[PDB]
$ cat structure-v2.cif   # mmCIF, C-alpha atoms and all ligand atoms
data_protein
loop_
_atom_site.group_PDB
_atom_site.id
_atom_site.type_symbol
_atom_site.label_atom_id
_atom_site.label_comp_id
_atom_site.auth_asym_id
_atom_site.auth_seq_id
_atom_site.Cartn_x
_atom_site.Cartn_y
_atom_site.Cartn_z
ATOM 1 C CA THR A 1 80.067 110.308 94.722
ATOM 2 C CA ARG A 2 78.511 109.226 91.451
ATOM 3 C CA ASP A 3 76.393 112.384 91.922
ATOM 4 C CA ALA A 4 77.992 115.314 90.094
ATOM 5 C CA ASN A 5 75.020 117.693 90.418
ATOM 6 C CA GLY A 6 75.968 121.208 91.425
ATOM 7 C CA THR A 7 77.368 124.587 90.526
ATOM 8 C CA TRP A 8 81.133 124.140 90.607
ATOM 9 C CA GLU A 9 83.575 127.031 91.019
ATOM 10 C CA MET A 10 87.073 126.573 89.680
ATOM 11 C CA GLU A 11 89.794 126.762 92.321
ATOM 12 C CA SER A 12 92.878 125.332 90.565
ATOM 13 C CA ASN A 13 93.844 125.091 86.886
ATOM 14 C CA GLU A 14 97.107 123.351 85.915
ATOM 15 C CA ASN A 15 98.555 123.294 82.355
ATOM 16 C CA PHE A 16 95.458 124.911 80.808
ATOM 17 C CA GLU A 17 97.490 126.628 78.088
ATOM 18 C CA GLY A 18 99.302 123.396 77.192
ATOM 19 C CA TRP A 19 96.013 121.548 76.772
ATOM 20 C CA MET A 20 94.562 124.357 74.625
ATOM 21 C CA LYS A 21 97.721 124.367 72.509
ATOM 22 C CA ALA A 22 97.392 120.618 71.929
ATOM 23 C CA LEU A 23 93.873 121.344 70.610
ATOM 24 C CA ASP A 24 95.251 124.100 68.332
ATOM 25 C CA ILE A 25 93.164 126.814 69.976
ATOM 26 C CA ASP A 26 94.256 130.210 68.658
ATOM 27 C CA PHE A 27 97.050 131.790 70.683
ATOM 28 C CA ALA A 28 94.763 134.832 70.854
ATOM 29 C CA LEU A 29 91.910 132.873 72.423
ATOM 30 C CA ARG A 30 94.303 131.057 74.780
ATOM 31 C CA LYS A 31 95.423 134.502 76.036
ATOM 32 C CA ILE A 32 91.839 135.470 76.973
ATOM 33 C CA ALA A 33 90.776 132.073 78.272
ATOM 34 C CA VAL A 34 93.493 131.883 80.932
ATOM 35 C CA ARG A 35 92.224 135.062 82.581
ATOM 36 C CA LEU A 36 88.558 134.295 82.718
ATOM 37 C CA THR A 37 86.663 132.820 85.697
ATOM 38 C CA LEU A 38 84.959 129.543 84.697
ATOM 39 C CA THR A 39 81.824 128.101 86.283
ATOM 40 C CA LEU A 40 80.876 124.452 85.685
ATOM 41 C CA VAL A 41 77.167 123.673 86.120
ATOM 42 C CA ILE A 42 76.129 119.999 86.012
ATOM 43 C CA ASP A 43 72.540 118.722 85.962
ATOM 44 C CA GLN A 44 72.484 114.936 86.309
ATOM 45 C CA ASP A 45 69.365 112.758 86.346
ATOM 46 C CA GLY A 46 70.315 109.096 86.332
ATOM 47 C CA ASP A 47 72.343 108.495 83.167
ATOM 48 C CA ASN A 48 71.228 111.841 81.701
ATOM 49 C CA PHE A 49 73.681 114.753 81.957
ATOM 50 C CA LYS A 50 73.560 118.397 80.946
ATOM 51 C CA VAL A 51 76.881 120.195 81.380
ATOM 52 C CA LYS A 52 77.287 123.965 81.028
ATOM 53 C CA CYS A 53 80.649 125.708 81.239
ATOM 54 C CA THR A 54 80.296 129.479 81.327
ATOM 55 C CA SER A 55 82.641 132.470 81.267
ATOM 56 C CA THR A 56 82.459 136.164 80.356
ATOM 57 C CA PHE A 57 82.920 135.420 76.667
ATOM 58 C CA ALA A 58 82.751 131.704 75.863
ATOM 59 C CA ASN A 59 80.017 129.153 76.530
ATOM 60 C CA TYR A 60 80.421 125.357 76.187
ATOM 61 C CA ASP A 61 77.310 123.220 76.747
ATOM 62 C CA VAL A 62 76.826 119.507 76.140
ATOM 63 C CA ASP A 63 74.164 116.951 76.969
ATOM 64 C CA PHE A 64 74.753 113.231 76.885
ATOM 65 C CA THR A 65 73.503 109.897 78.158
ATOM 66 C CA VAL A 66 75.961 107.590 79.895
ATOM 67 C CA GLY A 67 76.887 104.661 77.660
ATOM 68 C CA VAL A 68 75.393 106.123 74.444
ATOM 69 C CA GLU A 69 77.802 107.359 71.780
ATOM 70 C CA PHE A 70 77.029 110.825 70.441
ATOM 71 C CA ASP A 71 78.372 113.046 67.689
ATOM 72 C CA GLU A 72 79.890 116.201 69.063
ATOM 73 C CA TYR A 73 80.956 119.384 67.284
ATOM 74 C CA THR A 74 83.230 121.419 69.551
ATOM 75 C CA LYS A 75 82.054 124.689 68.002
ATOM 76 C CA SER A 76 83.106 126.976 70.872
ATOM 77 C CA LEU A 77 86.401 125.109 71.412
ATOM 78 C CA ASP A 78 88.610 123.729 68.608
ATOM 79 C CA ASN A 79 85.696 123.281 66.151
ATOM 80 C CA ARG A 80 86.121 119.568 65.450
ATOM 81 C CA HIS A 81 83.780 116.640 64.953
ATOM 82 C CA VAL A 82 84.356 113.824 67.463
ATOM 83 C CA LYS A 83 82.448 110.665 68.405
ATOM 84 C CA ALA A 84 82.040 110.992 72.167
ATOM 85 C CA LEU A 85 81.246 108.427 74.833
ATOM 86 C CA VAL A 86 80.863 108.878 78.592
ATOM 87 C CA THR A 87 80.971 105.868 80.911
ATOM 88 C CA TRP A 88 81.513 104.984 84.556
ATOM 89 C CA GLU A 89 84.767 103.272 85.551
ATOM 90 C CA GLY A 90 83.898 102.642 89.153
ATOM 91 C CA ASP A 91 83.066 106.097 90.466
ATOM 92 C CA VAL A 92 85.198 107.865 87.824
ATOM 93 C CA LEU A 93 83.221 109.511 85.020
ATOM 94 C CA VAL A 94 85.235 108.995 81.837
ATOM 95 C CA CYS A 95 84.820 110.645 78.427
ATOM 96 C CA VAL A 96 86.573 109.462 75.259
ATOM 97 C CA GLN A 97 86.335 111.667 72.156
ATOM 98 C CA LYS A 98 87.292 109.673 69.083
ATOM 99 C CA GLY A 99 88.587 111.685 66.149
ATOM 100 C CA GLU A 100 91.701 113.396 64.796
ATOM 101 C CA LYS A 101 93.322 113.959 68.185
ATOM 102 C CA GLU A 102 94.736 111.041 70.118
ATOM 103 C CA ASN A 103 94.153 110.517 73.835
ATOM 104 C CA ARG A 104 91.349 113.066 73.682
ATOM 105 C CA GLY A 105 88.798 113.229 76.487
ATOM 106 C CA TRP A 106 88.361 113.898 80.175
ATOM 107 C CA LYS A 107 87.832 112.247 83.530
ATOM 108 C CA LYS A 108 85.960 113.390 86.569
ATOM 109 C CA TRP A 109 86.352 112.393 90.182
ATOM 110 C CA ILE A 110 83.778 113.726 92.631
ATOM 111 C CA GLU A 111 85.115 113.718 96.213
ATOM 112 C CA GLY A 112 82.505 115.311 98.466
ATOM 113 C CA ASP A 113 82.751 119.118 98.200
ATOM 114 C CA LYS A 114 85.361 118.948 95.441
ATOM 115 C CA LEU A 115 85.382 117.932 91.803
ATOM 116 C CA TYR A 116 88.638 116.890 90.134
ATOM 117 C CA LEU A 117 88.813 117.183 86.345
ATOM 118 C CA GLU A 118 91.602 115.989 84.066
ATOM 119 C CA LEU A 119 91.330 117.019 80.422
ATOM 120 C CA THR A 120 93.552 115.201 77.978
ATOM 121 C CA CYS A 121 94.638 115.785 74.417
ATOM 122 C CA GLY A 122 97.641 114.142 72.803
ATOM 123 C CA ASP A 123 100.522 114.275 75.269
ATOM 124 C CA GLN A 124 99.014 117.147 77.310
ATOM 125 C CA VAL A 125 96.990 116.949 80.521
ATOM 126 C CA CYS A 126 95.194 119.869 82.194
ATOM 127 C CA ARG A 127 94.218 119.361 85.844
ATOM 128 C CA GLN A 128 91.390 121.369 87.373
ATOM 129 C CA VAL A 129 89.826 121.390 90.818
ATOM 130 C CA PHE A 130 86.341 122.773 91.535
ATOM 131 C CA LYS A 131 84.452 123.373 94.777
ATOM 132 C CA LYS A 132 80.670 123.117 95.003
ATOM 133 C CA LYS A 133 79.166 126.564 95.606
HETATM 134 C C1 LIG B 1 83.465 117.183 83.157
HETATM 135 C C2 LIG B 1 84.010 118.429 82.631
HETATM 136 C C3 LIG B 1 84.206 118.553 81.339
HETATM 137 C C4 LIG B 1 84.569 119.789 80.634
HETATM 138 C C5 LIG B 1 84.310 119.849 79.255
HETATM 139 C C6 LIG B 1 84.574 120.980 78.522
HETATM 140 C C7 LIG B 1 85.085 122.087 79.163
HETATM 141 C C8 LIG B 1 85.338 122.061 80.492
HETATM 142 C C9 LIG B 1 85.095 120.932 81.254
HETATM 143 C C10 LIG B 1 85.910 123.378 80.926
HETATM 144 C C11 LIG B 1 85.182 124.061 82.042
HETATM 145 C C12 LIG B 1 87.338 123.183 81.397
HETATM 146 C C13 LIG B 1 85.893 124.153 79.632
HETATM 147 C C14 LIG B 1 86.282 125.443 79.395
HETATM 148 C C15 LIG B 1 86.227 125.979 78.088
HETATM 149 N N1 LIG B 1 86.568 127.301 77.774
HETATM 150 C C16 LIG B 1 87.948 127.698 77.784
HETATM 151 C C17 LIG B 1 88.922 126.989 76.891
HETATM 152 C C18 LIG B 1 85.690 128.165 78.569
HETATM 153 C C19 LIG B 1 84.192 128.055 78.456
HETATM 154 C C20 LIG B 1 85.719 125.158 77.083
HETATM 155 C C21 LIG B 1 85.345 123.852 77.344
HETATM 156 C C22 LIG B 1 85.439 123.367 78.625
#

$ encode --input "structure-v2.cif" --output "structure tokens" --more "lines below"
Ligand SMILES: *C/C=C/c1ccc2c(c1)C(C)(C)c1cc(N(CC)CC)ccc1-2
Amino acid sequence: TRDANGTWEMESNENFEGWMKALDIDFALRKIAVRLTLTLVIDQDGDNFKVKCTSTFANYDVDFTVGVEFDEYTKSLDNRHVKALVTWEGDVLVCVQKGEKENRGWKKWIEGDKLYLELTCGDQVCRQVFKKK
């Protein structure tokens, strides 16, 4: 349950527009993003992660090592520089993105066949559920 490897198909997506609005994503782009099918592919080898989020139009890929801070430029998202850090809190995978936005990051809970993802920015929380294909 610390093993997030898999191809993950989105099955629920709560308050996605509110989270994108907290990031100041263009209303235009928000309009398109809500309609698109998103696939989350995770390749994990020990502390080494490669995450790829893919849709018809957008692509968001990141690689990181657990417990090692890394500069991130969210080029395909809100286009901001953050100092990111991913750690384990028990079996919860937790990302903090330090920068302009407060309470910015995400958390991942892997429960067997299902992956729960909460994305946070400011006062907004988006809740997603994925099933392993
Ligand atoms: C552990 C999961 C983290 C994470 C990081 C970044 C993104 C996501 C998940 C997605 C799948 C929710 C996602 C989607 C998007 N686009 C729409 C706004 C689509 C590619 C960007 C970034 C992330």

$ closest_residue --input "structure-v2.cif" --among "A:79, A:7, A:127, A:24" --to "residue 51 in chain A" --atoms "only C-alpha atoms"
A:7

$ residues_near_ligand --input "structure-v2.cif" --ligand "ligand LIG 1 (chain B)" --cutoff "6 Å" --atoms "all atoms listed in the file" --output "JSON, numbers by chain"
{"A": [33, 40, 53, 54, 55, 58, 59, 60, 77, 108]}

$ atom_distance --input "structure-v2.cif" --atom1 "CA of residue 19 in chain A" --atom2 "CA of residue 86 in chain A"
19.8 Å

$ closest_residue --input "structure-v2.cif" --among "A:13, A:65, A:37, A:1" --to "residue 113 in chain A" --atoms "all atoms listed in the file"
A:1

$ atom_distance --input "structure-v2.cif" --atom1 "CA of residue 57 in chain A" --atom2 "CA of residue 41 in chain A"
16.1 Å

$ atom_distance --input "structure-v2.cif" --atom1 "CA of residue 115 in chain A" --atom2 "CA of residue 130 in chain A"
4.9 Å

$ closest_residue --input "structure-v2.cif" --among "A:96, A:36, A:63, A:122" --to "residue 48 in chain A" --atoms "only C-alpha atoms"
A:63

$ build_atoms --input "structure-v2.cif" --residues "range 6-29 of chain A" --atoms "N, CA and C atoms" --output "CSV table (one decimal), keeping the file's coordinate frame"
chain,number,residue,atom,x,y,z
A,6,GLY,N,75.6,120.0,90.7
A,6,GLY,CA,76.0,121.2,91.4
A,6,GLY,C,76.4,122.3,90.5
A,7,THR,N,76.6,123.5,91.1
A,7,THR,CA,77.4,124.6,90.5
A,7,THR,C,78.8,124.5,91.1
A,8,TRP,N,79.8,124.4,90.2
A,8,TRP,CA,81.1,124.1,90.6
A,8,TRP,C,82.0,125.3,90.2
A,9,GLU,N,82.7,125.9,91.2
A,9,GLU,CA,83.6,127.0,91.0
A,9,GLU,C,85.0,126.6,90.9
A,10,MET,N,85.7,127.0,89.9
A,10,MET,CA,87.1,126.6,89.7
A,10,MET,C,88.0,127.2,90.8
A,11,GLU,N,88.8,126.3,91.3
A,11,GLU,CA,89.8,126.8,92.3
A,11,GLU,C,91.2,126.5,92.0
A,12,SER,N,91.5,125.6,91.0
A,12,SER,CA,92.9,125.3,90.6
A,12,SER,C,92.8,125.0,89.1
A,13,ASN,N,93.8,125.3,88.3
A,13,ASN,CA,93.8,125.1,86.9
A,13,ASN,C,95.3,125.0,86.4
A,14,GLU,N,95.7,123.7,86.2
A,14,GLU,CA,97.1,123.4,85.9
A,14,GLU,C,97.3,123.0,84.4
A,15,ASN,N,98.2,123.6,83.8
A,15,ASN,CA,98.6,123.3,82.4
A,15,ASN,C,97.4,123.5,81.4
A,16,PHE,N,96.6,124.6,81.7
A,16,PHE,CA,95.5,124.9,80.8
A,16,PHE,C,95.9,125.3,79.4
A,17,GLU,N,97.0,126.2,79.4
A,17,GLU,CA,97.5,126.6,78.1
A,17,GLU,C,98.1,125.5,77.3
A,18,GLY,N,98.7,124.5,77.9
A,18,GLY,CA,99.3,123.4,77.2
A,18,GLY,C,98.2,122.5,76.6
A,19,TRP,N,97.1,122.3,77.3
A,19,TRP,CA,96.0,121.5,76.8
A,19,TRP,C,95.4,122.3,75.6
A,20,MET,N,95.2,123.6,75.7
A,20,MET,CA,94.6,124.4,74.6
A,20,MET,C,95.5,124.4,73.4
A,21,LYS,N,96.8,124.4,73.6
A,21,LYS,CA,97.7,124.4,72.5
A,21,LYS,C,97.7,123.0,71.8
A,22,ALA,N,97.5,121.9,72.6
A,22,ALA,CA,97.4,120.6,71.9
A,22,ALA,C,96.1,120.5,71.1
A,23,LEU,N,95.1,121.3,71.4
A,23,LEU,CA,93.9,121.3,70.6
A,23,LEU,C,94.0,122.3,69.5
A,24,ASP,N,95.1,123.1,69.4
A,24,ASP,CA,95.3,124.1,68.3
A,24,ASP,C,94.3,125.3,68.5
A,25,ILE,N,93.9,125.6,69.7
A,25,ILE,CA,93.2,126.8,70.0
A,25,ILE,C,94.1,128.0,69.7
A,26,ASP,N,93.5,129.0,69.0
A,26,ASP,CA,94.3,130.2,68.7
A,26,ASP,C,95.0,130.8,69.9
A,27,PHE,N,96.3,131.1,69.6
A,27,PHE,CA,97.0,131.8,70.7
A,27,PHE,C,96.3,133.0,71.3
A,28,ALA,N,95.6,133.7,70.4
A,28,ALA,CA,94.8,134.8,70.9
A,28,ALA,C,93.8,134.3,71.9
A,29,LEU,N,92.9,133.4,71.5
A,29,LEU,CA,91.9,132.9,72.4
A,29,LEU,C,92.5,132.3,73.7
